[PDB]
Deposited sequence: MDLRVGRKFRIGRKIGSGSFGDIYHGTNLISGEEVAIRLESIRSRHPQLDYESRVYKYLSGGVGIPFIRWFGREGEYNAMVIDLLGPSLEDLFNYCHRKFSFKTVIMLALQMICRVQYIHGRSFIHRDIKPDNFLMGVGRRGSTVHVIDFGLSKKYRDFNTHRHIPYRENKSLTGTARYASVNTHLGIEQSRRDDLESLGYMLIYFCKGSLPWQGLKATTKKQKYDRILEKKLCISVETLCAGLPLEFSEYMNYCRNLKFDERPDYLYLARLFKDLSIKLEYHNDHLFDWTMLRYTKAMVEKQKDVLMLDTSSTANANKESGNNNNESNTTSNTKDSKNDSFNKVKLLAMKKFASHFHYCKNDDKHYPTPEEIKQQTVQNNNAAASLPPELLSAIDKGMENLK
C-alpha cells in the first residue's frame, strides 16, 4: 500500500513473476486504475528498467500499453503502465483450448499490425507467444495489446536503418514452443522470426496444440533439439492439416524470408482478410469468448456445463463458429468450412427459446 511516482498507490497483487511482481495500482488524483510492476533493486539480473525504456520508445503505438512512470522507489525499481485484461492463453483456456477460424483470423489481423508497429520502431519482440498478448479492460476489450519487452532488441540503427549483422551460435532461453526454426539453429533473430512465432500461435489456436508439445528430455539442449527436429521434419502441409491454405501460405512465407529482409505485412494481412471474406465473416470484434460469455449469462438466468453453453452459442451464432477438424488431412475449401453453419443450426426445449430473448 506504499506510493510510487508521487501519485500512484499500490493495491492488491495480480501478480508474481521471475522479474518481480505486478500489482493493481491507483492514481490518487484521478482515481484511474493502472498496473504497477515492481523489481527488487537487489535483483541479480535487472530487467524492469530496460523494459520501461523500450515501452517509452514504443509509446503511442496502437495496442502498446502506455507507460505513465518509471524509476526508483526505495528498494524497488517500479513501472506504472496501463491496466490490461486477460491474455490470449487465458482466453484460450476459457474456450477450452480451441479457437474458431473467425476468432483466429481476427486476432491475426490485429497481431500482424502490432508486430508491424514494433518493427517500424526498429525493435523485434523475440518472445512472441499467447501469454504476451492481452486484451484491454472494459471497452478496450476488443483491442489486442502486446506486453513483455524484456527480451526485445534493436534490430536496426534508428537513423540509418542499417540492420544488425548476421550471427550464429546464439543460445536459446525460454520455452521454445513458438520459437522459429532459425532461433533453434542458433541464428541471430530478425523480423521474420517474430512473424514465424506468430504463425505457430495461429496454428496452435486453430488445432488446439502444436505437435512438439509436452516433450521431455534429459537436458535443455536435448529438448530444444527435439523440438527443432519436429519443426524441421514435419512438413508445413502436415503441420497445417485441416486448415485453409492461407495458414500454410503464411508459414511458407515466414520460413522463406531472408535474415535482413523487410516483411510484406500487408500481403500477410490480406491472407486473412481475403479468407474472412471467403468464409463470410464480419470483422466485428465478436470473439469466441465474447459470445460464449454472453450465452452463459442468459442461460444462468463443469466440463459438461460448458458443452451445453457452447452448443447454444453455436446455434445462436451459427455463421461465426467454424472449427478445424483435426482428422482432416487436407486444406478444407471455404464452402467445406461454411457447411458447419448448417450443422450448427441443426443442433438441439425452453432453453433454445430463452437465448433468442
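> Residue ranges with no C-alpha coordinates, please: along the deposited sequence, counted from 1, in order.
The deposited sequence has unmodelled segments at 1, 303-337, 385-388, 398-403.
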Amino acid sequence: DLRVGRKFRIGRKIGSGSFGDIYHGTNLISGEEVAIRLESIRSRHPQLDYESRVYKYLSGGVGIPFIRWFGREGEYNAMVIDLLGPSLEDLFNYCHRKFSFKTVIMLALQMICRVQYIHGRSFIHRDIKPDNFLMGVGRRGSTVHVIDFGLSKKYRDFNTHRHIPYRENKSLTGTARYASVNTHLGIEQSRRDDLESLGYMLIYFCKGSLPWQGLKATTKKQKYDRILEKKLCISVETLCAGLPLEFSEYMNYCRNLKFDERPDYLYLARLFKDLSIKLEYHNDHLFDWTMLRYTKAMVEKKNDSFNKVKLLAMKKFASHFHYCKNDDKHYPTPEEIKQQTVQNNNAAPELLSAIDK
From here on, numbers count along this sequence of modelled residues.
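> Mean CA temperature factor from the deposited coordinates, higher in 36-44 or in 324-332?
It is 36-44.
> Out of 283-291 and 200-208, which stretch has the higher average CA B-factor listed in the record?
Taking the mean C-alpha B-factor of 283-291 and of 200-208, the larger value falls to 283-291.
> Lowest, middle or highest third: which one holds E75 when the chain's residues are ordered by CA B-factor from the entry?
For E75, the deposited C-alpha B-factor lands in the highest third.
> So where's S87 on the chain's Cα temperature factor ranking, which third?
Ranked within chain, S87 CA B lands in the middle tercile.
> When the deposited Cα B-factors of this chain's modelled residues are ordered and cut into thirds, is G31 in the lowest, the middle or the highest one?
Top third by C-alpha B-factor.
> Lowest, middle or highest third: where is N159 by Cα B-factor in its chain?
Highest third - that is where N159 ends up once the chain's C-alpha B-factors are sorted.
> Please say which third, lowest, middle or highest, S59 falls into when its CA temperature factor is compared across its chain.
Answer is lowest: the recorded C-alpha B-factor places it there.
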